[PDB]
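What follows is one structure encoded as structure tokens, with my remarks underneath.
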Amino acid sequence: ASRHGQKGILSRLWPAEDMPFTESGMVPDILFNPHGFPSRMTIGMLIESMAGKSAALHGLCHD
Amino acid sequence: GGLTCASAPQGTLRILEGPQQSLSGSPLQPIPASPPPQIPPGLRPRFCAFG
């Protein structure tokens, strides 16, 4: 789950070389479907994603 | 010692302590607004693109 009430079930442990790596070098760690959003309307997982990415890039903890 | 009766009293004065004046101030004292969040000073790109 997350902290925005959005359960997932672990379906497939995908090998790391098959993951979509980014332009910075990073693989992801959990892939989340864009079809869990529009019926559930958790905007708070979007702001938490931007917020935690920007807090891990600055040494900050965000309010 | 007979204690005869008397007429009907006209009015009844009620003595009571006065209202609490000068307790409340004429302006109000609110809790101040929690500030909007600031972009912190000293933010720079620490990630350089590799290679």
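Protein sequence lines correspond, in order, to chains B and N.
To convert, note that position 4 of the first sequence is 887 in the authors' numbering; the numbers rise steadily by one, no gaps.
To convert, note that position 35 of the second sequence is 137 in the authors' numbering; the numbers rise steadily by one, no gaps.
Every residue gets a Cβ at the ideal spot worked out from N, C-alpha and C, and that includes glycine.
- Where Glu906(B) is concerned, there is no enclosing alpha helix (DSSP H), because DSSP gives it neither an H nor an E.
- By alpha-carbon distance to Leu145(N), the top candidate from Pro917(B), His941(B) and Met928(B) is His941(B).
- By alpha-carbon distance to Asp912(B), the top candidate from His945(B), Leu893(B), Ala938(B) and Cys944(B) is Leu893(B).
- A contact is defined here as three or more CB-CB pairs under 8 angstroms, and the region 108 to 123 of chain N fails this definition with respect to the region 907 to 922 of chain B.
- Listed by position along chain B, the residues whose Cβ is nearer than 9 angstroms to that of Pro139(N) are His945 and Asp946.
- Of all residues in the region 910 to 931 of chain B, none has a C-beta nearer than 7 angstroms to a C-beta of chain N.
- One alpha carbon belongs to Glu119(N), the other to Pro132(N), and they sit about 30 angstroms apart.
- DSSP places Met924(B) outside both helix and strand once states are collapsed to three, so it counts as coil.
- In this model, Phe920(B) and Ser885(B) are separated by some 13 angstroms (Cα to Cα).
- Shown here for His945(B): same chain residues with a beta carbon closer than 6 angstroms to its own, the five before and five after excluded, namely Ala934 and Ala938 in chain order.
- Neighbours of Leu125(N) in chain B, taken as residues at a C-beta separation under 9 angstroms, are lacking, since the least C-beta distance is about 38 angstroms.
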